[PDB]
């Protein structure tokens, strides 16, 4: 007998019940392979992973956003090439998802889900304030909605400021809308002014403009994602900029365990910006998966083949958690919120990975720091953009 160890960040009880049913089924079909799921909370996982990967405590598999840390971990010899065990994975999963985890002919991981960040909103609170959420197409319209919400005495936005990344979604999206894919491409290459360019300065300027409306909950800087999601679920804030995993999370974090119910819930894409080079269809999100740590056993790929299979992924789409990567599992996307989000992801010409993840722990950490820093007045838009660029050039 051998044990496959998979480290993950999932907290949802319905997701874990599905994962455990899949593991139980796999263990019956593979009597010599056991599966151990190892939970570590998102923030703790990101901070502790570097130590874990250099140690004897490392698992076979661990959750991954791809992006910058994945590239450096692969180059540093911290991952295991499973190309010789990837045939079924390649047959059952999206080609793009598989390619996100492949480098230099080496398959270092496999995809689990794709996601979109957008504005979840409360239709009940919007109606109270006089706002038609389906009519918010522009950033100026969004800001007008913020003012209306404030006028009605409703906290406009819930944000998990303590964790930083929930605020970075604003800076990132504004940069995307101002500059388009081309400004971002130049910035990654450090061409011209790079990340210190006009679109990134504009992003901070517009973030500062939002912040000046005081749209967040009191104490937002001490709030993590869980608190922010709870506030939205408890009808105490009208808007939550977040990935699509929030649907189930806001319900779990609500005191009533239901949150904003479907009749009261809306979702909108990030709006467009006047004079911007970006399109409203461009999406921020990503392709998340599981990476193989150096030393991973072949049985880990056998587990992954089954865990990421069509039937498995169909269940996870049916419980409204993920937009799947397994071929055919999109049949599980019956919920209209998730069905629409899946079409946006598919139609997106630019599908950008979360900036913090695209840039790696250091430079992404700077983006996270400057997002809350702009809001708090620590740095100006210009200083913020310059910091990102300088850290990126050194990387």
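Residue numbers count along the first chain shown, from 1.
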{"item": "Comparing 337-345 with 61-69, the one whose average Cα B-factor in the PDB entry is higher", "value": "337-345"}
{"item": "Mean C-alpha B-factor comparison - 31-39 and 352-360, higher one", "value": "31-39"}
{"item": "Peak C-alpha temperature factor (PDB record), options 217, 309, 321, 116", "value": "217"}
{"item": "Given 269, 314, 248, 128, the residue at which the Cα B factor reaches its maximum", "value": "128"}
{"item": "B-factor third for the C-alpha atom of residue 243 within its chain", "value": "lowest"}
{"item": "Third assignment of residue 302 from its chain's C-alpha B-factors", "value": "middle"}
{"item": "Where the record places residue 228 (Cα B-factor, split into thirds across the chain)", "value": "middle"}
{"item": "Residue 166 - Cα temperature factor, lowest/middle/highest third of chain", "value": "lowest"}
{"item": "Relative C-alpha B-factor of residue 53, binned into the chain's lowest, middle or highest third", "value": "highest"}
